[PDB]
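Working notes, beginning with the structure itself.
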Amino acid sequence: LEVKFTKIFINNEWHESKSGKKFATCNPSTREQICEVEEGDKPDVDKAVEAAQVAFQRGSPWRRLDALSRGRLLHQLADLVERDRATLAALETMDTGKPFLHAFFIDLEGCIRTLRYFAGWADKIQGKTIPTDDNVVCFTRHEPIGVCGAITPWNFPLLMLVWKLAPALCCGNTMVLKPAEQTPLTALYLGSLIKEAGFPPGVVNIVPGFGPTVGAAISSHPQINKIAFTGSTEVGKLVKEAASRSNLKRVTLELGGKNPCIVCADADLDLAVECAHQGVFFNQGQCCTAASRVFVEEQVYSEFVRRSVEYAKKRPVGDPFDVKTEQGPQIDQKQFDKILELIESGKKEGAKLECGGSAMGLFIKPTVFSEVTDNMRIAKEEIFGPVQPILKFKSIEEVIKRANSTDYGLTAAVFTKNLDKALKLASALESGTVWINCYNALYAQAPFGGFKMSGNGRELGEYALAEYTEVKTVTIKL
Amino acid sequence: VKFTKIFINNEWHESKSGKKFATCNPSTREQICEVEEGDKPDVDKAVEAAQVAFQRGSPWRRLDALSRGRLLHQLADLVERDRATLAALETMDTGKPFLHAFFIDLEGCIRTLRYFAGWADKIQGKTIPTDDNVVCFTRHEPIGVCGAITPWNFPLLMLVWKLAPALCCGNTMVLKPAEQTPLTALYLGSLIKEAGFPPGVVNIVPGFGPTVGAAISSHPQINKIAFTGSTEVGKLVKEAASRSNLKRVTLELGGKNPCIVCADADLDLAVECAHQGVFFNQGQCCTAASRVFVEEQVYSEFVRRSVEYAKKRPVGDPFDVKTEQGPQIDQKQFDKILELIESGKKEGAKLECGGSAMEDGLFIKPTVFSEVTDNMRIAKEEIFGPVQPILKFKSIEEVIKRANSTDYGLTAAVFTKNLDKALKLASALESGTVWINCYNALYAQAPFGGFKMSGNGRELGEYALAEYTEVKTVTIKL
Amino acid sequence: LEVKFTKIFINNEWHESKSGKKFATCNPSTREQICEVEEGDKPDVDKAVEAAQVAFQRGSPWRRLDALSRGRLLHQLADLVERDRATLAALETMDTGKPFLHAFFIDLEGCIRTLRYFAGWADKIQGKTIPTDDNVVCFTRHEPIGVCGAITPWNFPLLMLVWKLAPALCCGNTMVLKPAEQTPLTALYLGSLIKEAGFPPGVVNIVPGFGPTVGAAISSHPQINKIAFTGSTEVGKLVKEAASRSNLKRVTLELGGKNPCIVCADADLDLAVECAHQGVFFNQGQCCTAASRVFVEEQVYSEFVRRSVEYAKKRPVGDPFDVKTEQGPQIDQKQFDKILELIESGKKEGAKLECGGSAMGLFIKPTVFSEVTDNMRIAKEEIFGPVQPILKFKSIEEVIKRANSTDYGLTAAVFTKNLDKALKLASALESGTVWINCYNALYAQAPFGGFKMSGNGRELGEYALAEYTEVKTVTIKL
Amino acid sequence: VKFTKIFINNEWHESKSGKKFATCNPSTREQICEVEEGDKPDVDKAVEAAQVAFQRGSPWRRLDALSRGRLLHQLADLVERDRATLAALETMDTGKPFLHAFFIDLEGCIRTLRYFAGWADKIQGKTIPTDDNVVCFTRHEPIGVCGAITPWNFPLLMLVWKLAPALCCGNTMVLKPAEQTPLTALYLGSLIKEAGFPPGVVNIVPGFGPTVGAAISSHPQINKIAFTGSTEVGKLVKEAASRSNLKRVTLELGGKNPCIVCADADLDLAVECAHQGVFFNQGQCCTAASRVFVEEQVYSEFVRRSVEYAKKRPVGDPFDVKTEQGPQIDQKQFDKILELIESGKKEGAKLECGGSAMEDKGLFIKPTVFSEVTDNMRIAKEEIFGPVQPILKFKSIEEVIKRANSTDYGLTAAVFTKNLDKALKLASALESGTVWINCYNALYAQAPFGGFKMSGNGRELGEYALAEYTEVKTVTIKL
Ligand SMILES: NC(=O)c1ccc[n+]([C@@H]2O[C@H](COP(=O)([O-])OP(=O)(O)OC[C@H]3O[C@@H](n4cnc5c(N)ncnc54)[C@H](O)[C@@H]3O)[C@@H](O)[C@H]2O)c1
Ligand SMILES: NC(=O)c1ccc[n+]([C@@H]2O[C@H](COP(=O)([O-])OP(=O)(O)OC[C@H]3O[C@@H](n4cnc5c(N)ncnc54)[C@H](O)[C@@H]3O)[C@@H](O)[C@H]2O)c1
Ligand SMILES: NC(=O)c1ccc[n+]([C@@H]2O[C@H](COP(=O)([O-])OP(=O)(O)OC[C@H]3O[C@@H](n4cnc5c(N)ncnc54)[C@H](O)[C@@H]3O)[C@@H](O)[C@H]2O)c1
């Protein structure tokens with residue numbers, strides 16, 4: 001499979017970098033180089049931001065479109081992505097090491113449902129008419145914010161981009177996007193379909209490059225109105241801070257978590273075992289929603305640990321293009337070493353290994369730690385790799401205090417047949433999403449986001465539209 | 001003056017340092033009293049009080065939704081009871097005409113409280129259609145402990161715009177008034193205790209910016225901070241939030257608000273509205289109409305009648321029945337104003353009245369400048385004083401570009417009888433509020449806030465609830 | 001306690017019937033006459049409708065009020081009802097035979113919560129701004145429907161009146177009310193409070209009288225815009241048909257039902273026994289929400305029947321004014337003879353009397369039927385008196401078909417600890433309200449109403465506002 | 001004409017009676033085909049089929065929300081693929097200019113389908129805060145089996161305004177097109193089947209009013225009905241609904257809609273708008289501008305410019321690219337109109353053009369303008385539904401308000417003025433479901449439509465349409 005699109009994307013034309021520089025992207029499954037990609041910088045960002053400003057200029061074609069046509073263009077874009085679903089899944093797998101079937105049936109399915117879902121909102125973005133006084137007409141407009149910058153991570157490259165572009169374009173904004181340096185490939189392909197669908201030049205522009213260079217340039221730009229970042233807490237902090245330093249641009253942040261997973265005695269234990277396994281080990285464990293703190297009630301603890309080890313010892317690891325591969329390699333050696341060091345962490349600290357604990361190329365064998373306590377490091381640091389740490393609890397209100405004691409709050413899951421327990425837990429957990437008797441159940445129509453240091457604002461759902469619009473009161477006196 | 005101490009757990013406290021700052025009457029230039037000077041150790045005590053008041057099982061948490069509303073109505077009952085006392089303190093602290101604080105500043109607080117009293121049992125999440133065997137819904141939960149930082153120009157009302165939605169939504173608060181204007185907030189606490197609010201739901205720490213405010217903005221257990229004040233400090237607040245615990249942030253900041261006048265318009269209506277829109281609150285108001293664009297056909301007549309309005313504006317003792325304009329807040333502001341006046345002369349604008357102080361005394365003569373251009377300082381910097389600069393224009397598409405030329409975007413006003421002209425302008429002005437044939441037309445039910453660098457979220461109306469709640473998704477598999 | 005209000009209420013003035021006729025109202029507790037009431041007719045109706053028309057006329061004081069003042073007037077009325085709480089409760093007990101404490105702590109509490117809840121909606125009824133084309137402004141108004149008529153039954157006189165008047169006034173309509181002929185007293189007393197709160201003349205008018213006479217004049221009236229009826233299916237059918245044949249006025253109906261009460265094996269039996277008993281015998285069983293069909297899984301059945309009988313054998317029956325009286329007399333002899341004929345029915349048909357079955361005065365003692373089948377009379381006909389029948393079932397899917405087997409669908413209740421059983425039943429029961437491990441849990445903020453033949457619109461919650469507003473599209477082109 | 005039979009369970013059926021009725025082209029004045037004549041026993045079978053398809057556990061009920069939407073998009077794709085065929089039949093059955101049915105009627109169907117396609121995964125209930133230990137929420141469930149009864153003036157489009165929201169929300173349907181205009185509905189049935197809607201989700205029974213329509217409105221297992229047609233039959237529908245099972249009812253009825261012209265209006269813009277608003281679809285329109293109030297001081301100049309617009313309006317064969325007005329729908333309407341015209345003279349209005357038919361053979365009526373009209377005349381009170389523009393005269397805004405609100409009708413209103421306050425004051429005072437300003441017939445799938453007072457009950461189009469096709473359930477849980 002050959003990589004067509006490697007340049008910078010602006011006014012629906014392909015540009016090479018002003019500096020002339022280029023950077024490489026590698027296949028984590030072979031460690032070998034894939035291609036060279038134009039490396040943009042502050043000069044390239046400036047150009048893209050101009051373009052998106054002109055395309056947003058009042059009187060521009062994009063602004064003159066009627067709402068329903070914005071939806072038509074997103075439905076066409078989604079049509080093209082379905083036409084080329086296999087290519088895109090494959091570019092994604094070469095760049096991230098993800099199983100091809102996971103790329104094809106998950107990442108791409110999510111991009112199409114998201115794109116279609118927000119095409120549906122485009123003529124349904126409604127403000128309000130407000131009663132005040134007898135002789136007054138007062139109403140509200142949900143106007144487009146303007147120029148929106150988007151900065152995405154390496155673990156769900158295409159999908160995270162789509163979570164932003166889909167509501168942004170639906171609402172009538174324009175965009176300058178920046179993929180992670182590790183994985184520019186799909187984003188760039190997508191830009192080819194954006195031309196082929198009909199989007200007027202300048203509505204979407206794309207500058208690949210590095211964090212402290214292209215990304216900082218966006219976050220600090222004086223004529224970008226709004227920025228949406230998905231990635232690490234560390235960088236999220238800087239992005240909000242550069243945003244406020246510069247022009248006070250609006251900010252959406254989705255960051256990581258140490259997400260709890262609570263198993264009650266009265267759970268259906270195999271559903272629970274099955275979902276905590278999938279929740280830990282999906283996408284090589286390199287996923288923001290990973291189920292990295294599994295609390296089990298004392299009475300079913302050993303039976304839970306046992307059954308989980310079976311699942312982990314039997315999980316096929318290999319070449320992501322093999323159809324039976326359920327786990328590929330980590331993204332690169334930098335993550336590889338990060339993970340194994342943290343396994344040492346728990347060894348060094350008293351946790352009980354039950355399987356794995358070593359490498360196997362860039363593969364790490366599925367690892368289960370038994371008998372984990374809150375103060376351990378694999379219990380407080382997001383591991384972001386195939387490591388399942390299992391803890392033990394006695395009380396319902398005990399487990400609540402313990403799950404809520406991190407600084408983060410992205411996700412939680414609870415497993416029980418008991419109506420009163422499921423709901424009482426769902427209300428008390430400080431989490432952006434609480435799954436009950438399921439894990440990784442995501443929907444285009446259900447909002448997603450963090451409490452606390454897991455982030456700001458929401459993506460997906462009707463709630464995404466609040467992030468891409470500016471509210472205007474018009475008040476008329478008679 | 002009865003209330004001077006730090007308010008925590010419905011109790012009055014001396015500063016942990018024992019220090020005290022003085023508050024002063026800008027009319028008499030005499031000192032009203034001394035107020036406890038808080039610092040970070042005081043803020044810690046208040047935040048802890050608000051945390052405890054917010055734990056699950058807490059009296060405040062276990063209250064009915066509708067009970068929260070009844071609590072807000074009883075408070076608004078109390079403010080209406082002590083309405084004259086409160087308006088009186090506010091006039092002492094700010095120099096504001098007593099009748100203005102009584103019929104405007106105080107009237108806003110009672111209706112704001114009443115409006116948000118009615119929202120308590122109407123904060124509604126969503127139930128979301130997904131799959132045949134899935135129940136998925138969203139809950140609008142309180143963010144938690146909420147910080148307010150308010151300015152000196154509308155001390156009690158800018159307070160209430162924050163306190164009122166916050167409580168309605170079930171949060172707790174730590175409030176910091178401006179060092180110049182602490183009294184009303186300290187009095188409001190006593191009414192909160194008399195109203196039956198459980199202790200710790202509201203805590204008030206008076207003191208200063210780089211001290212108490214900075215403590216509030218970077219605290220690790222404040223979840224959300226709401227700021228009204230200057231742009232320079234708003235940036236600092238958001239930076240502190242971004243760098244501490246990523247707390248949610250609302251900003252209401254200033255503006256350079258245009259006031260557009262077509263030859264079409266009711267000139268008598270425009271001249272008074274523009275006049276009241278520049279001079280209200282001694283010009284010290286976020287919504288001040290500091291850039292009056294007039295169509296040349298009616299230009300000179302506008303200047304003539306505005307000059308008359310200004311020459312006849314009664315300036316004097318705020319407590320006298322007929323005072324329309326009191327003294328500026330303090331000597332720092334006073335000098336700021338005269339210095340910007342002078343720059344206008346030095347740069348070529350045409351003085352038509354005022355330009356001077358009066359009895360040295362903190363009063364400034366109502367000042368009108370004609371022949372103003374966009375490059376001038378009196379046309380770009382926010383004066384916060386009784387200075388009305390009048391500009392000139394010819395075409396509508398010319399006026400739009402000139403008005404949107406700031407980095408600000410709080411407020412705009414348009415005067416015309418032409419249906420299409422009115423609506424075209426309402427759509428094109430990049431401002432949070434566009435008034436048509438009125439000015440300063442504010443309602444608890446219409447939201448308020450800035451485009452661009454004038455601010456971030458919204459206060460008042462239904463949109464204010466967005467800023468004091470967190471969206472959780474609960475997804476259940478069957 | 002002496003009745004003060006006996007006459008017809010129109011333009012805030014008391015009036016004798018045009019005919020001079022009057023009808024008596026009697027105390028079921030005694031069988032004796034309480035007083036005489038002016039009996040209106042089509043002539044008096046016509047006069048009331050004109051009052052409502054003039055007060056709803058454009059430019060009238062009522063229409064000139066701002067929305068938030070409609071709220072104040074509702075808060076003021078609620079305050080009056082709370083001030084005279086015990087008197088209204090007593091008038092209602094005199095007229096219905098209801099326990100005073102039930103009149104005081106339920107009926108009246110529901111009136112005060114409803115008045116206050118809909119006071120909060122008045123300045124919060126919002127239409128929409130709709131995006132279409134570049135040069136078009138389109139928005140909607142939720143305008144007031146106009147003159148609304150309201151017709152209530154005898155079993156909750158004040159409460160059912162309030163359920164219509166609170167949302168109707170909240171949205172700015174005007175009304176003509178009609179109590180049941182059996183209970184006019186409290187409706188009329190309320191009218192005196194309406195004058196005392198400050199509602200403009202004509203906003204509310206009351207014309208007591210009989211169904212086919214005053215009630216038909218309302219349903220048929222060419223200048224009433226909306227009718228809201230609570231009562232019998234038979235009369236509800238006629239009201240809708242008269243409304244259609246006349247002027248096509250809008251219609252709300254809340255009718256009766258045969259409401260199922262489903263008990264699973266894993267239910268908390270004592271809770272389930274407690275609520276199914278209370279849900280049958282509340283208000284002497286004379287309740288639209290009554291649990292006249294109790295399905296039990298045949299593992300707990302006899303143990304359910306047993307404990308049920310203990311509850312029925314000891315529920316104290318006596319003078320509604322005695323503190324410990326939990327069951328008063330039936331509304332009159334006509335209702336009395338309906339129930340005990342219906343008992344006979346079940347005897348013939350093979351049901352097992354477990355207790356009761358006889359009279360004692362106008363009192364019926366708690367009667368429980370066991371071994372009850374779908375085809376029995378007491379399983380299909382609304383008993384509307386203290387008769388608890390108990391059925392038996394094996395499957396979830398069986399009980400689902402059997403409960404939906406009616407033409408009615410007002411309420412349902414479900415008892416189980418099982419998360420999946422609760423929700424499955426909740427989604428599958430064709431009922432306007434489904435309770436889970438509770439019964440008769442009503443809130444001002446939660447809508448109420450019927451599926452199928454149990455009713456049409458909804459009452460309470462935001463959803464009631466739809467029944468009292470008319471939608472207008474305004475579309476402007478530039 | 002490939003499709004003439006009864007559509008039930010995505011199959012085709014002959015009437016149980018074996019009877020058929022004729023449909024005829026109002027331009028040829030000849031018969032197009034025969035269509036099965038249904039009666040109650042066929043409506044029972046269709047209703048039955050709609051129930052089984054609606055049973056819990058049925059395919060349609062197990063689809064996820066988004067796939068319901070994907071189906072509606074898929075059907076809108078087919079309507080656009082066969083756009084010409086569908087617009088043609090419509091012109092054959094109605095007399096409508098082909099180009100009007102292609103660019104207006106058929107375009108409204110595709111946008112309506114596509115707008116409500118997007119709503120299927122966005123029908124959102126509420127969660128309600130009550131007590132510390134209570135979970136309370138609402139669900140917006142499908143009402144169940146829905147029946148539609150549509151008129152002959154916009155056959156396909158009035159059908160789609162009903163089918164689209166209903167399907168979106170997961171209902172099933174029994175449709176009945178008007179006996180004059182069955183063809184498009186039966187063609188639609190094929191496209192619903194080719195789109196892969198499960199059998200029974202949509203069922204179509206052609207036939208007559210006191211027959212099939214009455215059978216539908218009184219059916220004990222139809223849960224909800226949506227009716228567009230005349231007021232007199234709308235009353236009958238609601239009555240039958242009340243006598244049977246209290247099924248929910250939506251009514252879109254007629255109007256006598258005012259069109260108000262201020263002196264400060266763009267007169268050229270008002271003239272054409274007023275003209276196209278009276279004469280569209282040969283005047284046979286619920287939105288028709290059947291009462292043109294003009295201010296005295298542009299009055300006679302308005303009349304002058306309208307006459308010119310009328311005398312130059314090309315009447316003729318609907319398939320000629322330059323026809324702007326075809327023939328009336330049949331002889332019955334034809335006589336209605338002429339009989340209302342003559343009474344116009346009898347009562348003293350000033351004919352200014354038209355007032356007669358044209359051919360001896362044809363069903364064409366000359367564009368007819370009346371001046372010097374007054375509120376008491378019949379052409380000012382009764383709905384003409386034909387090419388007749390009566391122009392009235394007024395002085396005051398408060399006077400024009402009272403006069404315009406004086407009907408029992410209240411569907412639609414139009415105001416022409418440049419004055420911001422005049423515009424908005426009238427928009428609040430006019431008791432009408434839709435008030436246009438400086439435009440006419442400005443309809444969008446996103447904006448609701450329907451009557452005040454006797455012009456109807458509910459709304460169609462916009463989010464408000466979903467309210468008529470769902471049933472609200474509260475679920476309250478105690479902990
Ligand atoms: N040495 C450490 O302590 C440490 C800790 C954690 C992660 N890391 C490194 O960061 C990576 C985390 O992976 P990730 O992509 O999911 O999260 P990330 O936050 O590092 O990157 C997310 C997105 O933000 C961009 N970005 C990075 N820095 C930016 C900046 N200052 N301004 C604007 N944008 C910026 C990135 O190019 C990317 O597109 C790891 O590969 C690891 O090498 C290092
Ligand atoms: N051109 C200038 O010299 C300039 C510029 C900006 C601000 N200021 C000062 O601010 C005042 C403007 O009036 P204002 O009250 O409306 O705006 P402000 O900037 O002083 O902010 C007002 C509120 O924010 C608080 N605050 C101040 N500094 C803070 C900090 N570092 N962190 C957290 N909170 C802080 C203050 O206690 C006050 O309650 C002026 O009087 C002036 O002294 C001056
Ligand atoms: N006042 C009048 O003069 C007047 C007005 C309108 C229609 N009509 C006559 O009605 C016929 C159709 O005109 P229209 O389509 O505009 O209005 P309409 O109300 O008669 O028909 C609309 C729809 O309702 C159906 N329908 C008719 N009677 C029904 C009934 N009893 N029960 C259930 N459904 C029924 C029809 O088959 C059609 O589908 C014409 O023949 C016309 O002459 C007369």
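Order determines the names: the first chain of the structure tokens is A, the second B, and so forth; residues in each chain are numbered 1 upward, and ligands are numbered 1 upward as they are shown.
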
Could you give me the residues within segment 224-264 of chain C that DSSP places in strand (DSSP E), as a JSON list (two decimals) with N, CA, C and O atoms, in the first residue's frame?
```
[["chain", "number", "residue", "atom", "x", "y", "z"],
["C", 226, "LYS", "N", -59.47, 26.69, 24.48],
["C", 226, "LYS", "CA", -58.83, 25.47, 24.94],
["C", 226, "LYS", "C", -59.63, 24.95, 26.11],
["C", 226, "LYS", "O", -60.12, 25.74, 26.92],
["C", 227, "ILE", "N", -59.77, 23.64, 26.20],
["C", 227, "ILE", "CA", -60.44, 23.01, 27.33],
["C", 227, "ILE", "C", -59.50, 21.97, 27.93],
["C", 227, "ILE", "O", -58.76, 21.29, 27.20],
["C", 228, "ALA", "N", -59.48, 21.90, 29.26],
["C", 228, "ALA", "CA", -58.71, 20.91, 30.00],
["C", 228, "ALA", "C", -59.64, 20.22, 30.99],
["C", 228, "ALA", "O", -60.24, 20.88, 31.86],
["C", 229, "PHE", "N", -59.79, 18.90, 30.85],
["C", 229, "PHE", "CA", -60.80, 18.13, 31.55],
["C", 229, "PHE", "C", -60.14, 17.01, 32.35],
["C", 229, "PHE", "O", -59.28, 16.29, 31.83],
["C", 230, "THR", "N", -60.56, 16.83, 33.60],
["C", 230, "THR", "CA", -60.15, 15.64, 34.33],
["C", 230, "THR", "C", -61.39, 14.93, 34.84],
["C", 230, "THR", "O", -62.30, 15.57, 35.37],
["C", 250, "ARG", "N", -58.57, 23.45, 21.43],
["C", 250, "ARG", "CA", -57.61, 22.45, 21.87],
["C", 250, "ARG", "C", -58.10, 21.77, 23.15],
["C", 250, "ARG", "O", -58.86, 22.36, 23.93],
["C", 251, "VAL", "N", -57.62, 20.54, 23.37],
["C", 251, "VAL", "CA", -58.19, 19.64, 24.37],
["C", 251, "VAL", "C", -57.08, 18.93, 25.13],
["C", 251, "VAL", "O", -56.14, 18.40, 24.53],
["C", 252, "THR", "N", -57.21, 18.89, 26.46],
["C", 252, "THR", "CA", -56.41, 18.05, 27.33],
["C", 252, "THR", "C", -57.34, 17.12, 28.10],
["C", 252, "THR", "O", -58.40, 17.55, 28.55],
["C", 253, "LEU", "N", -56.95, 15.86, 28.24],
["C", 253, "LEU", "CA", -57.74, 14.91, 29.03],
["C", 253, "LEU", "C", -56.84, 14.13, 29.97],
["C", 253, "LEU", "O", -55.77, 13.65, 29.59],
["C", 254, "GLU", "N", -57.27, 13.99, 31.21],
["C", 254, "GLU", "CA", -56.68, 13.02, 32.13],
["C", 254, "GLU", "C", -57.84, 12.20, 32.66],
["C", 254, "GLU", "O", -58.70, 12.72, 33.37],
["C", 260, "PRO", "N", -51.69, -1.44, 36.60],
["C", 260, "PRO", "CA", -51.06, -2.65, 37.12],
["C", 260, "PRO", "C", -49.97, -2.35, 38.14],
["C", 260, "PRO", "O", -49.37, -1.27, 38.17],
["C", 261, "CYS", "N", -49.71, -3.34, 38.98],
["C", 261, "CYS", "CA", -48.75, -3.20, 40.07],
["C", 261, "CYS", "C", -48.04, -4.54, 40.15],
["C", 261, "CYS", "O", -48.60, -5.49, 40.69],
["C", 262, "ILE", "N", -46.83, -4.62, 39.60],
["C", 262, "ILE", "CA", -46.16, -5.87, 39.26],
["C", 262, "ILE", "C", -45.11, -6.18, 40.33],
["C", 262, "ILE", "O", -44.21, -5.37, 40.58],
["C", 263, "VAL", "N", -45.22, -7.36, 40.95],
["C", 263, "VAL", "CA", -44.33, -7.75, 42.04],
["C", 263, "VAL", "C", -43.52, -8.96, 41.61],
["C", 263, "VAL", "O", -44.08, -10.02, 41.33]]
```

- request: Write out as a VMD selection string every residue belonging to chain D that has an atom at most 12 Å from any atom of chain A, counting only C-alpha atoms.
  value: chain D and resid 64 to 67 69 to 70 73 110 to 124 132 to 136 419 to 429 444 to 447 461 to 464 477 to 479

May I have all residues of segment 325-467 of chain D that DSSP, computed from the backbone, assigns to alpha helix (DSSP H), given as a ChimeraX atom specification? /D:331-346,397-404,420-429

- Query: Neighbours of segment 278-293 of chain D within 9 Å (only C-alpha atoms; same-chain residues fewer than 3 positions away dropped), as a PyMOL selection string?
  - Reply: chain D and resi 95-97+100+153-154+229+252-262+273-275+299+310+324-329+365+367+379-381+383-394+400+404+411-414+440-441

- Within 8 Å of residue 231 of chain B using only C-alpha atoms, minus same-chain residues under 6 positions, as a ChimeraX atom specification: /B:253-254,453-454

Taking only C-alpha atoms and all ligand atoms and a cut-off of 7 Å, can you tell me which residues surround ligand 2, written as a VMD selection string?
chain B and resid 149 to 153 176 to 179 207 to 210 212 to 214 217 228 to 233 236 to 237 332 to 333

For those residues, write C-alpha atoms to a file as an mmCIF file, in the first residue's frame.
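Listing of selection.cif after writing:
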```cif
data_model
loop_
_atom_site.group_PDB
_atom_site.id
_atom_site.type_symbol
_atom_site.label_atom_id
_atom_site.label_comp_id
_atom_site.auth_asym_id
_atom_site.auth_seq_id
_atom_site.Cartn_x
_atom_site.Cartn_y
_atom_site.Cartn_z
ATOM 1 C CA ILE B 149 -13.910 37.428 41.991
ATOM 2 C CA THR B 150 -15.761 40.700 41.317
ATOM 3 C CA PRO B 151 -14.901 44.341 40.615
ATOM 4 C CA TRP B 152 -15.638 47.659 42.325
ATOM 5 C CA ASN B 153 -18.028 49.177 39.765
ATOM 6 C CA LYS B 176 -13.726 37.662 47.089
ATOM 7 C CA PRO B 177 -15.040 41.226 46.610
ATOM 8 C CA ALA B 178 -12.851 44.028 45.274
ATOM 9 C CA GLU B 179 -10.636 45.704 47.898
ATOM 10 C CA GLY B 207 -8.643 41.264 50.645
ATOM 11 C CA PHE B 208 -6.654 41.769 47.538
ATOM 12 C CA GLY B 209 -5.776 40.615 44.085
ATOM 13 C CA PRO B 210 -2.267 39.198 44.058
ATOM 14 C CA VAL B 212 -6.609 36.477 48.012
ATOM 15 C CA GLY B 213 -7.667 36.356 44.391
ATOM 16 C CA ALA B 214 -4.444 34.659 43.302
ATOM 17 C CA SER B 217 -7.499 31.176 41.200
ATOM 18 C CA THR B 228 -15.459 39.967 36.330
ATOM 19 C CA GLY B 229 -12.832 42.679 36.081
ATOM 20 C CA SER B 230 -10.077 43.814 33.752
ATOM 21 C CA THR B 231 -8.738 42.008 30.714
ATOM 22 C CA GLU B 232 -5.151 42.071 31.998
ATOM 23 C CA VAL B 233 -6.132 40.300 35.198
ATOM 24 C CA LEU B 236 -3.812 35.981 34.829
ATOM 25 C CA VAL B 237 -6.844 34.232 36.370
ATOM 26 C CA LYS B 332 -5.942 56.160 40.591
ATOM 27 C CA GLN B 333 -8.956 56.099 38.254
#
```

Practice item. Could you tell me, counting only C-alpha atoms and all ligand atoms, which protein and nucleic acid residues lie no more than 10 Å from ligand 1, written as a ChimeraX atom specification? Key: /A:150-157,177-184,208-220,229-240,242,255-256,286-288,331-336,338,382-384

Kindly compile the residues surrounding ligand 3 within 10 Å, counting only C-alpha atoms and all ligand atoms, and format them as a PyMOL selection string.
chain D and resi 148-155+175-182+206-218+227-238+240+253-254+284-286+329-337+382-385

Original post:
Could you list, as number ranges by chain, every residue of chain A that has an atom within 8 Å of an atom of chain C, counting only C-alpha atoms?
Top reply: A: 63-68, 123-134, 139-141, 417-420, 422

Given a cut-off of 7 Å, which residues of chain B touch chain A, counting only C-alpha atoms, written out as a ChimeraX atom specification? /B:128,235,238-239,242-243,245-246,248,426,432-438,446-447,453,456,471-477

Leaving out residue 31 of chain C and any residue of its chain fewer than 3 positions from it, which residues lie within 10 Å of it when counting only C-alpha atoms, given as a ChimeraX atom specification? /C:26-28,34,97,329,331-333,361-362

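Interatomic distance, atom CA of residue 449 of chain D to atom CA of residue 75 of chain A: 26.8 Å.
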